[PDB]
Every structure is written in structure tokens, then in C-alpha cells.
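S.K.: Residue numbers (the entry's author numbering), protein chains in the order written: chain CP, 18 to 26, 31 to 81; chain UM, 457 to 488, 506 to 525, 538 to 596, 614 to 652, 666 to 821; chain Ca, 8 to 232; chain Ci, 25 to 139.
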Amino acid sequence: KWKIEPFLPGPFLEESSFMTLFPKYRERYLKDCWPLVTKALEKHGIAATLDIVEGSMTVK
Amino acid sequence: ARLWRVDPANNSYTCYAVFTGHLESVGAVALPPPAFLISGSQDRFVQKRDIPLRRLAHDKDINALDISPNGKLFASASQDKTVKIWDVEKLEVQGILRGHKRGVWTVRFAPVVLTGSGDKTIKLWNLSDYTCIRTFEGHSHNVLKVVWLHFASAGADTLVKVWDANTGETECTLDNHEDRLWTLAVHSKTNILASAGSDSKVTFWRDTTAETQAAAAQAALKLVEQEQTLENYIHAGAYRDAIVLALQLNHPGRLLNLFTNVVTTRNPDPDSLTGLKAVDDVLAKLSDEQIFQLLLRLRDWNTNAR
Amino acid sequence: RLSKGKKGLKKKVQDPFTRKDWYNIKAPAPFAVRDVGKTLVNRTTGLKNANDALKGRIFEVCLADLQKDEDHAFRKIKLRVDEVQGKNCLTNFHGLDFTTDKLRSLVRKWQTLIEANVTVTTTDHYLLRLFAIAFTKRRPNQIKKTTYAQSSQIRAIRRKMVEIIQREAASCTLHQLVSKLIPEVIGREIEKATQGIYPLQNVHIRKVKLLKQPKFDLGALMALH
Amino acid sequence: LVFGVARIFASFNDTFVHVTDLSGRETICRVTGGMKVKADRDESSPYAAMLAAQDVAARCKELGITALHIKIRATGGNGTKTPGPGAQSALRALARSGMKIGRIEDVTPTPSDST
RNA sequence: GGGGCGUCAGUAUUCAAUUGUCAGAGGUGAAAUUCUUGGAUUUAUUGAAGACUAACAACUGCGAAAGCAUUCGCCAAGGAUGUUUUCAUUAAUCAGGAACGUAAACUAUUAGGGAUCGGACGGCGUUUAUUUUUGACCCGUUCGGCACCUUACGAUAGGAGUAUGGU
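Listed below in C-alpha cells is the structure:
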């Protein structure tokens, strides 16, 4: 009654994307700890980029 | 509200009596050309009107009304857990019923009153003392309907159960319906229940206790007659008919004693199988189910060694 | 499965989709695509014409699938509707908002934002409010982590912002205003004129609310359409 | 294809799948979780939203719009400002039983200063 | 983001209206009270009321404390800096006195350094800058202050068990 089954199997017409901004110390930590997050998000199927110039994470 | 004539031997059905009454929705209708009409209410305006008067009874909505066969007392039910009894002619109040736990939904007069309430209980009250004479449990929701016999009680748990108050214990339960159950009729002469759901199903039940009582009584008649004929057969020695009857009536002790004597009659037929050609004939003309039950008894008597 | 209602409440249900009916929407001039969708509404008859209902309603659509450009995935717009034809529903501008996700995306610590709200009257007697938001620039080749501006600089920057927005919104009409709002010229000119007092990281117009419309000029409306 | 906008009001207590036209005024169909599950404790279940989204998607494809813009919200005044398991499992069941998804937006009412 | 007065907005909450509504909604560990075909909750658009000013928001800023964060306008005050500005003890301290006003619950230097904000001076240069202004970024000098760490320069400030006998 409460259990969530894992989704077994194009459900997106408009390529959706979200963004967030962060400061510099977070940029340092996020840059040397990013590849874990992008491996897991690629496993789920979501392209994630980090921008150390502007300081912005984007998922799409 | 309105009042209609039915004409059975014509296609005429008119609404020739009408009543405006009060401003909310009329709740229930009670009838003792007819005498008069007593109308309930969604508000607290109970009214009484004749055919070619107001009162305030409860606080919440009122639910159900009923008239005696003679038309002298009058009870009203409401969701503020009170039953209000009063006189049908004047404006007086003959008393007040003290309380049913959650809120009374239906009332009934006994051809002594009955109350089916919001909680999973149902009470039988009296006029003389205004005390609940009997109480009953067993439902799973509201009850919404109590109907006398010649009582049965619905629930909102798709279950209608009939019993009798003088005993006080549940007699029979009926579960034809889907989700809900609202009402119940009864033939004025015999016992016919009409249970309708909030689903579209309406089932009709008839009494069967008398029919199964006569059937079981006739079974008792033939049982004692055939048992005495078996005892006569044993005492006479007509082993063939005794075996036939014991196989029809199923008691294996007497069956086994008869079989022991027919195995040892002390004077056997030479070309018989078990000693008597009659017993060979019945064992030949055995039907299949009798062969099977004989195989069961034979398994047991073979388990023993004597 | 089992019902729970009170006694006598569930009436007879009626199919509404008999008297429900469709209407193609049409967008105004300066957007790239005119067909924006369809509107289901009650059927017209006496006793409250669907003409009155459709004059009542408003719509909200996104600039992404208006301009066919995923760059304007934010900056959603709101369209009133005043006209109706046979199976067609002409629309007119009403408002412009962002996404709350976009605002949360834009806020950042150790840099300050300045807001400004102006009440401008365009040529067509439309009173409207423009709320613009501007985030402070972090200058390349700096070591100091906090890019804070003094309150005098912030008030002067908001004063310049009010001046620029009013000067470039009180000279033109509403169609010219939204033809300005689509490619974001106003934030560009704000940045260009305010970078001398303090550089701004980005200047957006986060809200545009039309308050009062005083006219019903179907000539101008069909001129747009 | 016709886009219809579905407001998923997903509280911690109940779930509301609501389908309207692009105006937001003309309600096509709504199905909650409490009207599909008997237990008030289980009223906010991912199972409740799964049944609700199946019913809603069946209705809106029987109408034949097959494309939804999704707006998710939560109790935003003094509540939690975060959606529910209703929201997540409802979106999953929807785009599993059809329903080409267009624009997703988490439109919750966020107060500037509440109390 | 010192105070006072007015003014401007932003949402949200509550209330109300209109429209689409069609069986629950609301809690809670679970319930219930309650509101609910005269249509709740919900969806969309408005209007009114009262409140507060999210994110920005800090090992920051301000005021003597308590305290102070929407925009703008007015009113006075206040701090720091600079001066090629004055009077020259007017000073410091506090008896007495005067103005401001549900809680608690783990606790003459230190000798520099790196931050920080407010002035002021400077100047290799990037950017405003269509080129002078000017402002932003960098760095150096000099006052002032909110705090960090390091250094001290030092200092100094009955309880629990077990018995016995009475009341």
C-alpha cells in the first residue's frame, strides 16, 4: 500500500532543464566531488553540467 | 410533499394531494381517503396536516416517523440521538426517549418500539417506562432500517440480519448485496423482505423455516419408521432386506453384525459367493455410491483383525 | 468501493462534455507562432452566452513554445482575451512573470540584488507596473569574496534603473513594449548605462502587470492579429 | 496534440490530481486519492496517486488530449512548501499510462513574509 | 537595516463574489470534533481587511541599551575621516536624582598575522571609455571600530551507602 516500485522502462517533448547558482567554496567542493553525481544522474538518464565560471549547476 | 392515489384497474395515477409545509426539505412521511399526513423535515419543523400544524422536536435533522396500527402514539427520530414520542391528536408530548449512543436513524412500532441508530447498536424501548427493554449488537456501520415481521434489521455493512427480540439472539444473516443497504419491505400476509442497496440491486427473500421444519420432520418420520423396520428385519433374520436397509440408512455396526452372520450362517449355498444367493444379488445390483461407501466400511473392518 | 455519503445526496450525474466545446486560441502579432492551443468551454445559448464566458477568461502560456526557442524557457506570459470569432479566440497581452525556480536559480549569497518597481503609462493609456531585478557583477581578477555595494550606490543604481525603464517605456506603445520585452533590450540598456556606477551581473524584468485597460479598440486588436 | 494542464496539489495528508484547460478555469476531470483508497491513513499513498493518475489518464485519453503541462504544488502558506509522494508517484503513473509531458513547473505559493 | 512622519509596493493568510466543479475535504501515530448536492476542499479571476517584509542576510553594518531590514519624499540628530578651523580647562568618576524597558534549561602594552567595513592618500594596469571625468577590480600607506586565532604582559577565588536507638 505504501511501496514504490522501480520504473521499469520519449516522455519529454520540451527539453526541460533546471538551474541553480552557488558561491566559490561550494564551487571548489563541487568540482572535486562532481563525477559521483554525474555518474548517478547518468544512470537515471539526466545530463548534468557544472559551470565554474558563472557558478551554476544545470540539469537537463 | 404530496400524496397519491394508485388505481390498479386503470392507468390512472394522480398526485391529488399536495403540501407545501416548511422551507427545508421534508424528511419523512407518516400515515395512520386516508386520515391525515405527518411530515418530517430537514429543519426542525415537524408538521401535521389533514386531507379533504407545526411543532419543534429536535435540534439536528430529523429522520423517521411511524404510526401505531390504531393511530394513537407518534414517534420521531433524529440525528441528535433522541426519539421524541407524542400524541397524534392534540399538541402534547407523551414523553421522551432518553438516548441511543450516536444518533437514531429509524424507529418502529410493534403490532413497544424499536430504534436503529448511528452507532452499531439497536434498541427496543417501551412506552410505559421509557427505558430500553432490549439492546443488540453485531453490525459494522449504521443500520438505517428496522422492519417488523409477519424483526429484521439492515446495516450499512451490506448485511441484513433477522432475529427475535423475545429470545434476544441473532437468527439469520443475509449478504446478497454490494456496498450499501437502505430499505426492506415485507408482505402484509407472509414474510417477504425487499432489500435494496444504494446499488441498484433489489433482492426479495421469503421465509423458509416452516418448509424446512416440515421437511426435517418428515425426515424424522421416515427415519424412525425405517429404523424400526431394520430392527424387525434383524430380529426376523431376513438378512437380505436387513443388509439393503442398513446400507440405505448407514450404520456400520449393525451392518457388520449382519455381515458376520451372513458369512457364518452355518448352512451355505454351495454356488453362492458369500453364502446366500440373495446377498450375492444385492452385491451385484449395488449402485456406485453404495459400492464406494461399502469400500470405506470394508477398509475399516479390514484394518481390524478380528 | 463502499460508499460513505449521507442519506439522499448523490444526485444523477450528467455528462458535461455534451455542452463542453472547443475553441482555437490565436496569439497577437509580435510572437512567432499564432496557434497556441485550444480552450474547452461551456456551450453557448441564452442565459450566459459563452461569448461572455470567453471574454471573462485569461490564459497563461510560455515563451518557449511561443518563440519556438528554448532560451526563453522562463518568462511565462499571460494573455487576456476580448474578441471571439467562429471557433476562434483572439488574444491580447496582460502580464509577464518569471518562474519561481528561475528566481531561486538567480539568488546567490555574497552578492547583492536590487529590485525596482515602476508604474508607467504607455501611449495607449495602459497603466502598467514593471518590476525589474538586477544582480551585482562579480568582477574577473578579484580576490575579495563579497561583492557588496554601499547603500548610496544601491540607491543610485535603483534611481538609474527607474529612469531607464521609464524613459524606454513611456515613449512607445504596448506592441512596441512587448516587441522590446521579447529580446530583452531593456535589461541590456540598464546594464549598459549602470555599469559605470556599479557593474551588474544580470538585469531582468521579472514582472510586467497591466493594471487598467481603458479601451476596446477592435480595429487595433485585429491590426495586431 | 492538445495540451491540458494538470495541477497536482500534493499535501502530506491528501493528493489532488486536477486537469484543466490552458485557461485553468474549465475543469476537465479531477480524482483525489481519498476517493480511491478506503483508509484515511493510506489516503496519501503513492498507491493512491497511482490509482488516481490511472483514472485521470484514462479519462483524458478517452477524451483524447494525450498531452499535459504539469504544475505541481504543495501547501504553501505556513506549510512545508514541498510536494508529496502523491506528486512523484502520480507523475510516474501518468507518463507510464500515456500522457506526453510538456512543461513542468513547481508553482507553489511562497509567501514574502507570513506570520 | 540609528530614530520620527507620510507615501509606495510585494506576496501570503482570512473573508467575500463569480465561474468550472462533483464526493469527499480535514486532521492525526491512528481517530474524532467540524465543513460538506443550498456544492465543502480544489481550479481560475477579482475586491476588501489586518499582518509581516522571505531568498539577498554575513565570525558583517547601526544605536547608549532594549532594539533596527519593501521603495521613495521630508524632518532633525549621530559616528568616522580631512582641514591652510577656532575657546583653552573647560576634564574623569560616580552618593542623591533624572531619560529611556511567559522566561531559563550544558556553559600602558600584549604582537603579530590573515580577514572585515567606514573615510582619506597613492598608482602598474583591466572595465565604464565614443576620450576627460567619475565609479567597479588589484595592490600599497594612514586613522577608526565590530569579532577570530596565536601570544599572555600577566594574573587569581559535605555526598553516598550501612547500621543503632528513639519520636
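Where is the CB? At the ideal position from N, CA and C, for every residue including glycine.
What residues match up with residue 754 of chain UM in a beta bridge as DSSP calls it?
M.R.: In the DSSP output, where bridge partners are listed per residue, residue 754 of chain UM has none listed.
S.K.: What residue from UM/692, UM/684, UM/636, UM/508 has the CA that sits closest to residue 669 of chain UM's CA?
M.R.: Nearest C-alpha to residue 669 of chain UM: UM/692.
S.K.: Under 9 Å, do residue 175 of chain Ca and residue 196 of chain Ca count as touching if we go by C-beta distance?
M.R.: Yes, the Cβ-Cβ distance between residue 175 of chain Ca and residue 196 of chain Ca is below 9 Å.
S.K.: Shorter than 9 Å from the beta carbon of residue 52 of chain Ca to some beta carbon of chain Ci?
M.R.: no
S.K.: Going along the chain, which residues of the region 31-62 of chain CP sit with their C-beta nearer than 7 Å to a C-beta in chain Ci?
M.R.: 32, 33, 34, 35, 37
S.K.: For residue 760 of chain UM, I'd like the list of residues in its chain whose CB is within less than 7 Å of its CB, leaving aside the five on either flank, ordered along the chain.
M.R.: 741, 744, 745, 748
S.K.: Less than 9 Å between the beta carbons of residue 142 of chain Ca and residue 124 of chain Ca, yes or no?
M.R.: At a Cβ-Cβ threshold of 9 Å, residue 142 of chain Ca and residue 124 of chain Ca do not count as neighbours.
S.K.: Use the C-beta contact count for residue 546 of chain UM: other C-beta atoms within 10 angstroms, 16 or more gives buried, fewer gives exposed.
M.R.: buried
S.K.: Since residue 584 of chain UM and residue 567 of chain UM are thought to touch, with beta carbons under 8 Å apart, how far apart are those beta carbons, to the nearest angstrom?
M.R.: 7 Å
S.K.: Reducing DSSP to helix, strand and coil, say where residue 180 of chain Ca ends up.
M.R.: coil
S.K.: Counting only the same chain and skipping the five closest in sequence on each side, list residues whose C-beta sits under 7 Å from that of residue 37 of chain Ca.
M.R.: When the five nearest sequence neighbours on each side are left out, the beta carbons in the same chain lying within less than 7 Å of the beta carbon of residue 37 of chain Ca are those of 182, 185, 186, 189, in order along the chain.
S.K.: Answer yes or no: does any C-beta atom of chain CP fall closer than 9 Å to that of residue 61 of chain Ci?
M.R.: At least one chain CP Cβ lies under 9 Å of residue 61 of chain Ci.
S.K.: Anyone know if the C-beta pair for residue 777 of chain UM and residue 758 of chain UM falls short of 9 Å?
M.R.: Judged by beta-carbon spacing, residue 758 of chain UM lies within the 9 Å limit of residue 777 of chain UM, meaning their Cβ atoms are closer than that value.
S.K.: Let me check understanding here. Comparing Cα to Cα, which of Ca/54, Ca/67, Ca/68, Ca/23 lies closest to residue 48 of chain Ca?
M.R.: Ca/23
S.K.: Between which two residues does the beta strand (DSSP E) holding residue 472 of chain UM run?
M.R.: 469-474 is the extent of the beta strand (DSSP E) around residue 472 of chain UM.
S.K.: With residue 494 of chain UM as the anchor, note down where its beta strand (DSSP E) starts and where it stops.
M.R.: It's not possible to place residue 494 of chain UM here, given that chain UM moves directly from 488 to 506.
S.K.: Below 8 Å on the Cβ atoms is my guess for residue 550 of chain UM versus residue 563 of chain UM; work out the distance and round it to an integer in Å.
M.R.: The pair is not a contact, with the Cβ atoms about 10 Å apart (cut-off 8 Å).
S.K.: Taking 9 Å as the cut-off, decide whether the C-beta atoms of residue 213 of chain Ca and residue 104 of chain Ca are in contact.
M.R.: yes
S.K.: Assuming residue 651 of chain UM contacts residue 590 of chain UM under a Cβ cut-off of 8 Å, what Cβ separation, rounded to an integer in Å, is found between them?
M.R.: Not quite, the Cβ-Cβ distance comes to about 20 Å (not below 8 Å), so this is no contact.
S.K.: With DSSP collapsed to three states, give me the class of residue 173 of chain Ca.
M.R.: Judged by DSSP in its simplified three-state form, residue 173 of chain Ca adopts helix.
S.K.: Whole beta strand (DSSP E) runs in the region 27-63 of chain Ci with 3 or more residues, listed along the chain?
M.R.: 39-44, 51-56
S.K.: Please state whether DSSP places residue 693 of chain UM in a helix, a strand or coil.
M.R.: coil
S.K.: Quick one: what's got a C-beta closer than 7 Å to residue 71 of chain Ca's C-beta in the same chain, skipping five residues either side?
M.R.: 77, 79, 80
S.K.: State the start and end residues of the unbroken alpha helix (DSSP H) segment that holds residue 49 of chain CP.
M.R.: The continuous alpha helix (DSSP H) containing residue 49 of chain CP extends over residues 45-53.
S.K.: Identify whether residue 126 of chain Ci lies in helix, strand or coil by the three-state DSSP scheme.
M.R.: strand
S.K.: Bridge partners for residue 95 of chain Ca per DSSP, in chain order?
M.R.: Ca/31, Ca/92
S.K.: Is it true that the CB of residue 524 of chain UM sits closer than 9 Å to the CB of residue 509 of chain UM?
M.R.: yes
S.K.: Going along chain CP, which residues have a C-beta under 9 Å from residue 124 of chain Ci?
M.R.: 31, 32, 33, 34
S.K.: Is the Cβ of residue 127 of chain Ci closer than 9 Å to any Cβ of chain Ca?
M.R.: yes
S.K.: Pick helix, strand or coil for residue 101 of chain Ca, following the three-state DSSP scheme.
M.R.: strand
S.K.: Span of the alpha helix (DSSP H) holding residue 72 of chain Ci?
M.R.: 70-87
S.K.: Who does residue 520 of chain UM pair with in a DSSP beta bridge?
M.R.: UM/512, UM/539
S.K.: Here's the rule I'm using: 16 or more other beta-carbon atoms within 10 Å means buried, otherwise exposed. How should residue 111 of chain Ci be labelled?
M.R.: Per the 10 Å Cβ criterion, buried.
S.K.: CA-CA distance, residue 29 of chain Ci and residue 81 of chain CP?
M.R.: In a straight line, the C-alpha of residue 29 of chain Ci is about 21 Å away from that of residue 81 of chain CP.
S.K.: With residue 709 of chain UM as the anchor, note down where its beta strand (DSSP E) starts and where it stops.
M.R.: Element bounds for residue 709 of chain UM: 707-711.
S.K.: If you draw a straight line from the C-alpha of residue 762 of chain UM to the C-alpha of residue 813 of chain UM, how long is it?
M.R.: 13 Å
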